[PDB]
4 protein chains.
Amino acid sequence: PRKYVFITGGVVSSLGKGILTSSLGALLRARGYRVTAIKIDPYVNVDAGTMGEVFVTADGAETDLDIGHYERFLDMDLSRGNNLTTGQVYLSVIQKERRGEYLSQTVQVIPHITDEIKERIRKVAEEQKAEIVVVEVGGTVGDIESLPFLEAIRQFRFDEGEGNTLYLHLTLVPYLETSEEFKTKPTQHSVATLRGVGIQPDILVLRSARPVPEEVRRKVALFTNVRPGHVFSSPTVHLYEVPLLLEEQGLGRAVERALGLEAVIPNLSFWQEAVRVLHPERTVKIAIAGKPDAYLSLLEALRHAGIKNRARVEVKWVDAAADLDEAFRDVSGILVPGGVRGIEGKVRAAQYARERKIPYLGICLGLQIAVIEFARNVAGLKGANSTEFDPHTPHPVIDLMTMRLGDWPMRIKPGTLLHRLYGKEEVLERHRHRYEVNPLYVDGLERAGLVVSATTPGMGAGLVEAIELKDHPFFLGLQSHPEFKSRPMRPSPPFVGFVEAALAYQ
Amino acid sequence: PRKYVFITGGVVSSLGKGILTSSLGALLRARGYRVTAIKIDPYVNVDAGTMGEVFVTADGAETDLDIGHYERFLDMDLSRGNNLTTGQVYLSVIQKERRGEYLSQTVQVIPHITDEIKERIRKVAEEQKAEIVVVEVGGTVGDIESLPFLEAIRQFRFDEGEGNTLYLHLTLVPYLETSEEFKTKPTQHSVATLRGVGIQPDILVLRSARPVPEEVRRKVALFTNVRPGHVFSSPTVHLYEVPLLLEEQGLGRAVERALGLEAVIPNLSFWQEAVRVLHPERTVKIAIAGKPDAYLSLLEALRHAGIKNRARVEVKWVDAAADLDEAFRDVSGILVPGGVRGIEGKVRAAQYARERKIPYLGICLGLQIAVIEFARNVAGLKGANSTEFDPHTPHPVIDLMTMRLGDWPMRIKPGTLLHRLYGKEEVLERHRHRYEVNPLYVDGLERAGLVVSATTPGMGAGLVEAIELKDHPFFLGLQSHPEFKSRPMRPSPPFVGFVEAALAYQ
Amino acid sequence: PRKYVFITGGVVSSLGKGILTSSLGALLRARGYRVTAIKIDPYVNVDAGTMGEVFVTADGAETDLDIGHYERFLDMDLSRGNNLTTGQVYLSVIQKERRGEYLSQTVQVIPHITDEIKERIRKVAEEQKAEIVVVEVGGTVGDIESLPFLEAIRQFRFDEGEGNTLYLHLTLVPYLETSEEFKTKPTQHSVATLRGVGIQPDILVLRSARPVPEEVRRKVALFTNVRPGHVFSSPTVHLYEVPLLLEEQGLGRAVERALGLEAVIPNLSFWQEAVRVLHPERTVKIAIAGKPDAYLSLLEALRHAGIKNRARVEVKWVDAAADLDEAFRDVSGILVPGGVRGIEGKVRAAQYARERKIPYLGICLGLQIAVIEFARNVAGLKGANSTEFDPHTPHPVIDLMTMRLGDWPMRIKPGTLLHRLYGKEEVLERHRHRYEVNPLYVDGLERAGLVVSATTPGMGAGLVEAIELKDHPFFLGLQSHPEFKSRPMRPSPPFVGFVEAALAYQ
Amino acid sequence: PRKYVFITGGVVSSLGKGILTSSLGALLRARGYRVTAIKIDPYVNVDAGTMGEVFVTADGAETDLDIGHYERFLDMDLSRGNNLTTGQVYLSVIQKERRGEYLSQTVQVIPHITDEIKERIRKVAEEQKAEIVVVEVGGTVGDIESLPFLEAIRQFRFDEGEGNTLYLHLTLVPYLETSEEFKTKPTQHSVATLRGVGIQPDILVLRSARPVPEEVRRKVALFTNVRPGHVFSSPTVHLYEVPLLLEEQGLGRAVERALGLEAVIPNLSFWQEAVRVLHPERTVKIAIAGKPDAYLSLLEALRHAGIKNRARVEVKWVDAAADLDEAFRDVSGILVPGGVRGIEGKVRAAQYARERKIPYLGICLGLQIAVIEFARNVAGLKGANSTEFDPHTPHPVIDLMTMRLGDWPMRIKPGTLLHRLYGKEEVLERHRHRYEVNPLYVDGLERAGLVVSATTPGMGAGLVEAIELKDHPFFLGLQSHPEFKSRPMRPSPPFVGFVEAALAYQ
């Protein structure tokens with residue numbers, strides 16, 4: 001029987017519910033279960049494409065960044081089905097009643113919208129063969145946008161039967177220094193609101209400025225009709241330790257028993273060894289061309305890399321005149337991420353990284369920038385540009401034709417720098433872009449020394465996917481967003497390679 | 001400054017809020033104000049077309065039947081803009097965010113859905129030049145489907161300023177015979193729920209099995225923070241007296257003062273004279289071919305007619321073997337309404353009404369039935385039928401090509417029975433049908449004695465709009481639904497004529 | 001393990017929750033369980049003495065009339081402990097904190113007031129050796145006066161463990177004739193309010209103008225998270241059939257299983273036979289001197305009597321010039337109940353009943369009235385009166401010294417009319433009065449023919465308890481309220497005797 | 001017309017509502033209004049005597065410490081009537097219904113308890129001739145203990161009419177460093193709960209870890225239906241500046257206009273000059289014999305004193321072997337406060353302060369300790385003690401006979417050290433103690449050099465009120481708690497004198 005663990009938030013948002021969901025899911029995987037995670041975003045937006053970073057799943061769905069957390073903690077490919085919104089649900093039901101599919105019935109929030117919500121939850125869990133599905137409800141309990149979702153998950157208790165559903169609630173326990181006292185009132189009120197929509201939480205996670213004492217934890221239990229052993233503290237601490245400490249506190253065992261599952265000692269060797277590496281062995285500083293959650297998967301990628309290279313990575317944020325030497329001193333690498341509203345400054349950094357032999361990695365726009373840079377100062381195409389930043393450029397080396405989305409096959413040219421990192425001839429990488437290297441200028445660029453180490457069969461295409469130079473210690477650029485597939489258990493090669501050269505340059 | 005009177009319902013629905021809205025609006029018109037009414041239906045259906053009768057406005061919108069009440073009490077043409085639903089609102093906002101119109105913003109119920117709601121209310125009121133707009137909120141206060149609408153109307157207090165908004169709340173006051181006591185608790189709780197969403201009602205209307213005593217009314221006032229003079233009883237009583245009694249109780253004056261309007265004695269002569277006629281002068285019984293709210297506008301039309309002919313009309317519901325003579329004894333007229341799932345029985349009644357010279361009126365399907373009937377037993381086209389009830393008939397006198405919606409121009413053929421009733425050459429009537437008289441069979445039908453007293457220039461067309469026979473005392477059929485435009489101040493001619501002949505046949 | 005069944009009410013009061021509580025308790029006794037009932041009255045009054053009738057328990061407590069229902073259905077003596085009020089609870093806790101018993105703690109509603117509430121519930125159940133205790137919460141769910149009590153009973157689920165508590169909720173399902181439809185919305189909202197204070201009802205009882213259809217019952221179940229088999233109808237029907245029909249519907253079995261009790265066919269022979277007698281065999285009409293719930297136990301007593309005498313009793317309410325003959329024609333008995341504000345009219349009826357040999361029974365004041373009457377027109381003590389209605393009377397045959405409360409021993413004088421009815425020499429009867437027969441006038445009254453068939457040893461006393469006359473077919477008066485101990489399984493003798501003579505007089 | 005400003009708290013308690021109430025009241029006094037403050041404590045305790053410090057008013061009432069804040073900010077004597085509790089209210093109403101004062105009525109929370117609450121508020125305001133009364137509701141909005149009080153203050157809007165009541169609500173706006181963002185959700189929810197009990201706050205005060213930005217303040221306004229100009233920040237900052245900054249923000253003007261009062265520039269010279277002194281001119285450190293809110297009035301007294309002596313006072317908390325010299329180095333004074341559970345250690349400090357000529361001040365127990373000390377090592381009465389700490393002492397110099405409460409007249413012996421400080425012959429000081437100097441030992445103590453500089457005429461007495469020694473630079477002890485009357489506008493002499501000598505000893 002499939003088990004469902006619902007996680008809601010109260011008092012205030014931003015208390016790390018995404019990580020909580022991710023960590024609980026990992027704790028369940030470490031017990032040998034087939035797990036999946038679903039993020040419910042109560043906003044009216046159909047998806048996150050009109051929008052913090054927008055994560056992209058293999059199927060091309062644009063989603064909330066929590067999906068990326070879930071993928072990294074579960075080491076699992078998710079899909080559009082794992083990110084539910086108010087817009088999707090309402091649009092879906094509305095179009096159905098327009099097609100008369102409800103057979104002249106009067107469609108209401110309950111049960112029509114709620115039925116749609118539960119159906120989507122079950123559908124994705126099915127397709128993903130999940131034994132335990134962790135569903136995180138976005139927003140804060142109380143706001144009206146979450147009501148249809150709260151009623152939907154509440155109904156699961158009856159639908160699934162005894163022992164197959166569990167409700168966790170994350171809340172804030174303010175700490176007042178003046179009085180030096182913890183306040184449990186907000187938690188009490190939030191739980192009362194939950195009960196008001198018909199839900200009694202089984203487990204409570206408390207987040208506070210300081211770790212929550214058992215005395216305070218026992219108080220919260222007494223006033224929320226929650227067993228003391230089911231109240232936990234969620235202190236501020238390397239995100240990789242989160243699942244470790246939660247397991248140590250008993251959250252794993254708690255969820256396990258409440259779900260009617262025979263206890264299974266969890267294998268947390270990976271996470272332990274991961275945090276182990278996280279005193280390192282070395283420490284290199286790389287520069288990122290740009291002006292936090294906007295680069296979450298990017299930063300995580302550098303993290304994974306640092307680990308594979310038993311080395312800590314510091315990140316200096318360079319915001320791109322010729323006053324670079326300083327901005328780039330004490331740095332062993334330059335990374336131009338995907339993007340915007342001004343590109344010459346980066347075109348400058350690419351130029352610099354290229355002539356000073358500083359490890360370089362351009363993602364999406366970062367690749368197009370190196371190409372614009374190469375074309376100008378090497379291929380001799382003055383004013384070369386992307387039609388995105390100059391529609392009238394005489395040399396549109398980057399032109400048209402978020403269009404390419406999700407996984408796209410990339411064919412790696414043998415014996416290239418790109419081939420060394422992947423060690424394979426073909427791989428899939430996720431896309432989200434509308435501009436590409438102009439086919440017409442590809443001949444001339446290679447004649448000048450620009451290497452096209454990757455292209456796509458299409459899906460559909462035949463476009464350039466990666467560029468490099470046989471000539472600097474490390475100069476690579478890819479059109480896709482390799483960070484999106486990067487996982488702590490499997491770092492993205494471009495970043496592993498980039499970090500390596502940064503260590504060699506050190 | 002435009003005034004807004006919002007009317008909500010509590011405890012239970014079906015207490016006559018539509019009539020309350022209509023009556024208040026009429027009381028305001030009798031004071032010389034430009035008024036309009038808006039019905040908010042919280043269901044997810046975009047409109048009422050996938051669905052009680054479905055009213056059709058002049059612009060072709062399919063709406064809740066309350067619109068028809070508003071049109072009849074206000075003697076005013078309304079539009080799709082006067083019937084707001086959850087589907088419309090959400091679909092509208094969703095499509096806007098898909099077109100990026102929200103400029104990368106995160107769309108939420110508040111303020112995006114609520115802004116859309118208020119915008120639609122103001123838009124329609126503008127186009128209709130309303131000085132006072134009465135907005136009725138469907139559903140019952142408390143259910144979650146109404147929350148976005150309750151928050152939207154609540155915001156009007158602040159947006160419109162002091163003296164420009166008023167909130168009325170209709171509730172049920174159960175009466176327990178055993179104890180012989182009135183119960184005000186439900187009202188108290190409902191008002192508390194309203195306050196919970198931020199609304200304090202200014203006026204309360206109490207509906208009970210028996211009229212509500214001032215003692216009970218004064219109690220409700222004490223426990224709802226509502227002035228005693230602002231608590232009224234809504235007893236069961238001819239619907240036309242409703243506005244009269246409400247005015248007599250002081251509801252008119254109350255609304256007037258709360259809105260900051262100098263008192264104006266209302267001119268209720270029409271309604272008074274209307275109820276005056278409603279001991280009549282005569283009394284004819286007509287038969288309606290069919291199996292209540294499903295024929296609301298139909299029945300109202302007969303009501304208006306009876307009034308124009310200073311005569312009361314009884315309605316025997318005939319559900320169509322040759323055992324008609326009985327079913328049609330003591331009756332002076334036969335009416336076949338628009339429709340379905342079986343038509344031969346009506347084809348029989350048309351046949352009967354035709355050979356026994358019994359006043360006949362067919363609406364929509366009722367016209368097509370007389371044509372099928374004529375074609376068979378007069379034009380000699382055995383098995384003649386509409387392709388709607390027999391796609392394989394050898395003589396599809398009624399075929400294809402709710403397609404035609406709203407007002408369509410009808411050209412009345414001079415000196416016909418149809419011309420006598422309308423006394424004009426051209427008029428507009430509202431449509432809602434997909435089947436029409438087949439052009440190919442029109443020649444042969446007239447040669448047999450069937451008169452085409454009306455057709456349409458199109459919009460688009462050239463189709464038959466009305467049929468009759470120079471030969472029986474009254475035999476008429478129209479493709480449109482003339483009942484939809486019928487108002488107590490202006491009865492629909494086809495029904496006025498139909499009732500007349502019924503009196504002559506008497 | 002002791003089981004607790006809590007019964008709450010929603011929407012409106014007065015739906016017969018007292019009878020529901022009584023009936024459920026009887027259904028449980030018919031299964032061989034030791035049962036007790038507790039009435040919680042949320043008003044601030046300490047008890048019902050400052051106040052519908054005020055019932056008096058054997059220990060002298062003045063309580064709500066529901067206690068009398070419980071005693072009659074359970075055939076059980078209850079005590080002050082079975083009627084809990086807000087005043088008692090708060091006064092109790094307040095006096096405790098004044099005596100520092102809370103050890104310098106800050107006393108709050110929760111847990112101090114709530115602890116007091118649960119403690120009183122358990123205390124009484126203990127003393128009464130109850131296996132299943134039915135607790136009825138007065139008032140309507142939602143009002144703030146019941147909050148401390150709702151929180152207290154809610155806590156019992158956790159305190160008592162799984163299978164030992166059950167929550168029943170009685171609500172109103174309005175019926176609208178116009179629409180001819182049942183409304184379940186109020187029930188839905190009331191249940192939502194219950195959930196808001198943390199309670200999910202296990203069983204729902206629906207009360208409506210007409211019996212509630214399974215269709216409506218199944219709807220309520222769907223929208224209240226209550227199993228369909230746990231939703232019952234509480235129709236209007238002889239109160240003695242109530243437990244019968246509730247058992248037939250499955251309420252007995254339902255409660256049984258939810259409490260984890262092996263099913264036990266109930267023995268409902270008594271109730272069946274009782275309703276059996278209730279087409280009678282005869283039918284006598286008696287008159288009650290007075291101007292409904294005010295005489296509940298009185299009327300029940302006549303009911304019990306009628307049953308013992310296989311005869312139906314009609315009650316003509318006589319409100320006491322010499323125009324009695326009419327007021328007392330077609331009547332075979334006169335009863336002057338306890339009381340007031342005017343007594344001469346009754347003094348007249350006593351006079352009449354005495355000279356016309358009409359069976360007479362005076363309770364409390366009714367006895368004192370016969371004595372005033374005898375003293376005047378037989379003992380020749382002009383102006384004889386009670387100092388309660390004439391402090392200056394020259395012959396205070398009734399004087400001072402609700403003072404005597406509860407059970408008081410009565411010694412029946414052998415071979416008297418009072419001895420024939422009780423067939424015993426000594427019994428206990430419940431009191432509630434301050435005025436007594438004046439000792440000084442007792443000698444002279446007997447010399448005139450007034451028989452003192454009962455007195456009290458005291459407790460404390462030596463006062464007259466009953467009077468009669470060897471001379472009329474039946475003339476009896478008691479100082480106590482024998483109706484209070486009258487039970488359908490054991491009618492009160494004075495009433496059994498009174499009804500008998502009424503049959504003989506017939 | 002009397003104005004009422006109600007102040008409630010939400011989200012969590014302890015945000016400084018007492019100071020807020022005090023500060024607003026002072027801002028109103030600085031405008032020339034007659035003001036008073038009332039503290040409502042929802043706990044069930046009748047008063048604070050069974051209990052943070054317990055403040056004592058002139059009439060002998062034992063109250064919450066907020067009363068002391070109000071007295072200090074308003075420079076006004078308050079009474080038991082200014083501290084309302086749930087116990088008082090319920091006990092009061094209960095005793096009234098027991099005396100039948102409600103005339104057989106059924107007493108309920110509403111309106112009986114609520115009527116009692118409003119009556120007490122108005123009664124005290126009357127007796128205190130208040131033009132504007134500031135009422136602070138203890139507890140947090142939402143908890144059920146405050147419901148009767150919230151309903152009572154809500155009713156004032158209707159009772160007092162337009163422009164005479166204003167509602168202020170203090171809430172917490174958590175600040176999350178990780179996100180570096182302010183959270184307004186809790187405020188939104190708390191305001192929604194207030195609206196749920198029928199109250200819409202007119203003004204909001206926001207308390208956060210960091211001052212609240214106008215951006216956040218404007219957001220809160222948008223989501224609480226509160227004008228932006230009526231939203232203020234309550235930052236952490238000398239408590240005397242509080243009223244200054246609140247006035248600078250516009251809170252004074254805001255309250256003024258909402259109350260319909262013509263603006264009046266406030267005279268805040270005192271508070272300004274007070275904070276002016278608070279960089280001082282000097283700085284002495286005194287020791288307090290003991291182990292925070294427990295000594296609030298005590299500490300405030302030292303504060304007032306420091307001000308009168310243009311000097312800052314540091315407080316070293318000495319917890320009383322002969323290892324004093326250290327514990328008392330760098331200190332210029334010793335203060336033994338009222339109290340307990342162990343006194344020898346203090347007896348030691350008194351001894352030390354006496355032989356080393358260190359300014360000493362004993363309050364209540366502090367005086368009795370100096371007497372026990374004197375009697376032993378000067379009067380030669382070995383084992384001398386108070387029967388409170390040794391019922392068997394052979395020399396009970398302190399014995400019996402919180403008994404003496406509130407203001408008691410003290411007669412100052414001319415030309416004494418006690419006379420120099422007060423400069424008057426007679427004054428009133430507040431008491432709260434049961435033990436007194438034993439009359440029998442007074443002769444012998446003076447013969448040994450102990451000076452009785454004060455006694456009481458009684459009320460009732462003739463007991464010692466103060467002791468000193470002509471011989472050390474400053475050695476004083478009083479039986480009363482002079483700190484209770486100490487106000488920043490009028491420091492308590494004993495403390496002014498004590499601080500002076502501490503400066504001289506410096």
# chains A, B, ... in the order shown; residues from 1 in each chain; ligands from 1
>>> closest_atom_pairs(of="chain C", to="chain D", cutoff="12 Å", atoms="only C-alpha atoms", output="Markdown table")
| residue | atom | partner | partner_atom | distance |
| --- | --- | --- | --- | --- |
| C:41 | CA | D:108 | CA | 10.5 |
| C:42 | CA | D:108 | CA | 7.8 |
| C:43 | CA | D:108 | CA | 5.1 |
| C:44 | CA | D:107 | CA | 5.2 |
| C:45 | CA | D:107 | CA | 5.9 |
| C:46 | CA | D:94 | CA | 7.2 |
| C:47 | CA | D:98 | CA | 9.0 |
| C:48 | CA | D:106 | CA | 8.9 |
| C:49 | CA | D:104 | CA | 8.7 |
| C:50 | CA | D:104 | CA | 5.3 |
| C:51 | CA | D:104 | CA | 4.5 |
| C:52 | CA | D:106 | CA | 11.5 |
| C:54 | CA | D:104 | CA | 12.0 |
| C:64 | CA | D:106 | CA | 11.6 |
| C:85 | CA | D:108 | CA | 10.8 |
| C:86 | CA | D:108 | CA | 9.0 |
| C:87 | CA | D:94 | CA | 6.4 |
| C:88 | CA | D:94 | CA | 9.1 |
| C:89 | CA | D:90 | CA | 10.7 |
| C:90 | CA | D:90 | CA | 7.3 |
| C:91 | CA | D:91 | CA | 6.5 |
| C:92 | CA | D:91 | CA | 10.1 |
| C:93 | CA | D:44 | CA | 8.2 |
| C:94 | CA | D:87 | CA | 6.4 |
| C:95 | CA | D:91 | CA | 9.2 |
| C:96 | CA | D:45 | CA | 9.7 |
| C:97 | CA | D:45 | CA | 6.6 |
| C:98 | CA | D:50 | CA | 7.0 |
| C:99 | CA | D:50 | CA | 8.4 |
| C:100 | CA | D:50 | CA | 6.1 |
| C:101 | CA | D:50 | CA | 9.4 |
| C:102 | CA | D:50 | CA | 8.6 |
| C:103 | CA | D:50 | CA | 7.8 |
| C:104 | CA | D:51 | CA | 4.5 |
| C:105 | CA | D:51 | CA | 6.4 |
| C:106 | CA | D:43 | CA | 6.8 |
| C:107 | CA | D:44 | CA | 5.2 |
| C:108 | CA | D:43 | CA | 5.1 |
| C:109 | CA | D:145 | CA | 6.0 |
| C:110 | CA | D:145 | CA | 8.3 |
| C:111 | CA | D:44 | CA | 11.1 |
| C:112 | CA | D:44 | CA | 8.8 |
| C:113 | CA | D:44 | CA | 8.7 |
| C:114 | CA | D:145 | CA | 11.8 |
| C:139 | CA | D:108 | CA | 10.7 |
| C:143 | CA | D:109 | CA | 9.5 |
| C:144 | CA | D:147 | CA | 7.6 |
| C:145 | CA | D:109 | CA | 6.0 |
| C:146 | CA | D:109 | CA | 9.8 |
| C:147 | CA | D:144 | CA | 7.6 |
| C:148 | CA | D:144 | CA | 8.2 |
| C:149 | CA | D:144 | CA | 11.8 |
| C:150 | CA | D:144 | CA | 11.7 |
| C:151 | CA | D:144 | CA | 10.3 |
| C:197 | CA | D:144 | CA | 10.6 |
>>> residues_around(residues="residue 208 (chain A)", least_positions_apart="3", cutoff="9 Å", atoms="only C-alpha atoms", output="PyMOL selection string")
chain A and resi 15+171-175+182+211-212+233-236
>>> write_last_selection(atoms="C-alpha atoms", output="PDB file, in the first residue's frame")
ATOM      1  CA  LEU A  15      11.851  28.021   7.290  1.00  0.00           C
ATOM      2  CA  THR A 171       6.416  26.097  12.339  1.00  0.00           C
ATOM      3  CA  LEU A 172       8.414  28.942  13.845  1.00  0.00           C
ATOM      4  CA  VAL A 173       9.150  29.272  17.563  1.00  0.00           C
ATOM      5  CA  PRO A 174      10.273  32.883  18.028  1.00  0.00           C
ATOM      6  CA  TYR A 175      13.014  33.564  20.558  1.00  0.00           C
ATOM      7  CA  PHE A 182      10.952  30.694  23.538  1.00  0.00           C
ATOM      8  CA  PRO A 211      17.824  25.103  19.016  1.00  0.00           C
ATOM      9  CA  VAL A 212      14.543  24.264  20.763  1.00  0.00           C
ATOM     10  CA  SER A 233      13.742  20.809  16.536  1.00  0.00           C
ATOM     11  CA  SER A 234      14.927  22.113  13.170  1.00  0.00           C
ATOM     12  CA  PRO A 235      18.022  24.149  14.077  1.00  0.00           C
ATOM     13  CA  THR A 236      20.252  26.225  11.792  1.00  0.00           C
TER      14      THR A 236
END
>>> select_by_dssp(residues="region 313-481 of chain D", states="strand (DSSP E or B)", output="PyMOL selection string")
chain D and resi 313-318+334-336+360-363+385-386+396-400+404-412+426-433+435-437+451-455+464-468+475-478
>>> select_by_dssp(residues="region 61-305 of chain D", states="alpha helix (DSSP H)", output="JSON, numbers by chain")
{"D": [66, 67, 68, 69, 70, 71, 72, 73, 74, 86, 87, 88, 89, 90, 91, 92, 93, 94, 95, 96, 97, 98, 114, 115, 116, 117, 118, 119, 120, 121, 122, 123, 124, 125, 126, 127, 147, 148, 149, 150, 151, 152, 153, 154, 155, 156, 157, 158, 159, 160, 185, 186, 187, 188, 189, 190, 191, 192, 193, 194, 195, 196, 214, 215, 216, 217, 218, 219, 220, 221, 222, 242, 243, 244, 245, 246, 247, 248, 249, 251, 252, 253, 254, 255, 256, 257, 258, 269, 270, 271, 272, 273, 274, 275, 276, 277, 296, 297, 298, 299, 300, 301, 302, 303, 304, 305]}
>>> residues_around(residues="region 420-424 of chain B", least_positions_apart="5", cutoff="9 Å", atoms="only C-alpha atoms", output="ChimeraX atom specification")
/B:412,414-415,492-494,496-497
>>> residues_around(residues="residue 393 (chain A)", least_positions_apart="5", cutoff="7 Å", atoms="only C-alpha atoms", output="ChimeraX atom specification")
/A:383-385,387
>>> residues_around(residues="residue 373 (chain A)", least_positions_apart="2", cutoff="9 Å", atoms="only C-alpha atoms", output="VMD selection string")
chain A and resid 347 to 348 350 to 351 368 to 371 375 to 378 384 to 385
>>> write_last_selection(atoms="N, CA and C atoms", output="compact mmCIF listing (two decimals), in the first residue's frame")
# COMPACT_ATOMS: atom_id res chain seq x y z
N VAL A 347 31.74 39.88 -22.00
CA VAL A 347 32.52 39.70 -23.21
C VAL A 347 33.96 40.06 -22.88
N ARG A 348 34.12 40.97 -21.93
CA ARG A 348 35.44 41.41 -21.49
C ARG A 348 36.11 40.33 -20.65
N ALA A 350 35.52 37.14 -20.67
CA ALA A 350 35.80 35.97 -21.49
C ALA A 350 37.14 36.24 -22.18
N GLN A 351 37.28 37.46 -22.68
CA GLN A 351 38.49 37.91 -23.35
C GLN A 351 39.68 37.73 -22.42
N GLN A 368 27.66 31.50 -25.43
CA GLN A 368 27.40 32.46 -26.49
C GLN A 368 28.28 33.69 -26.37
N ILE A 369 28.69 34.00 -25.15
CA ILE A 369 29.53 35.15 -24.87
C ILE A 369 30.97 34.89 -25.30
N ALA A 370 31.43 33.65 -25.11
CA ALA A 370 32.78 33.26 -25.49
C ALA A 370 32.85 33.24 -27.01
N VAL A 371 31.75 32.83 -27.64
CA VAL A 371 31.68 32.79 -29.09
C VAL A 371 31.69 34.21 -29.66
N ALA A 375 34.79 35.31 -32.00
CA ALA A 375 34.48 35.86 -33.31
C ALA A 375 35.07 37.25 -33.52
N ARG A 376 35.00 38.09 -32.49
CA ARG A 376 35.51 39.46 -32.57
C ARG A 376 37.03 39.60 -32.58
N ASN A 377 37.66 39.16 -31.49
CA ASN A 377 39.10 39.29 -31.33
C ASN A 377 39.98 38.15 -31.83
N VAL A 378 39.40 37.18 -32.52
CA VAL A 378 40.20 36.08 -33.05
C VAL A 378 39.80 35.80 -34.48
N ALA A 384 30.66 41.63 -33.82
CA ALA A 384 29.95 40.36 -33.78
C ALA A 384 29.12 40.37 -32.50
N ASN A 385 27.90 39.84 -32.58
CA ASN A 385 27.02 39.83 -31.41
C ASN A 385 25.87 38.86 -31.62
>>> residues_around(residues="region 475-489 of chain C", least_positions_apart="6", cutoff="6 Å", atoms="only C-alpha atoms", output="list in words")
residues 72, 297, 298, 301, 304, 359, 360, 361, 362, 363, 364, 367, 429, 430, 431, 465, 466, 467, 468 and 469 of chain C
>>> closest_residue(among="C:24, C:135, C:320, C:61", to="residue 432 (chain C)", atoms="only C-alpha atoms")
C:61
>>> residues_around(residues="residue 273 (chain B)", least_positions_apart="5", cutoff="12 Å", atoms="only C-alpha atoms", output="ChimeraX atom specification")
/B:240-241,244,267-268,278-280,307-308,310,488-489
>>> atom_distance(atom1="CA of residue 332 (chain D)", atom2="CA of residue 504 (chain D)")
8.6 Å
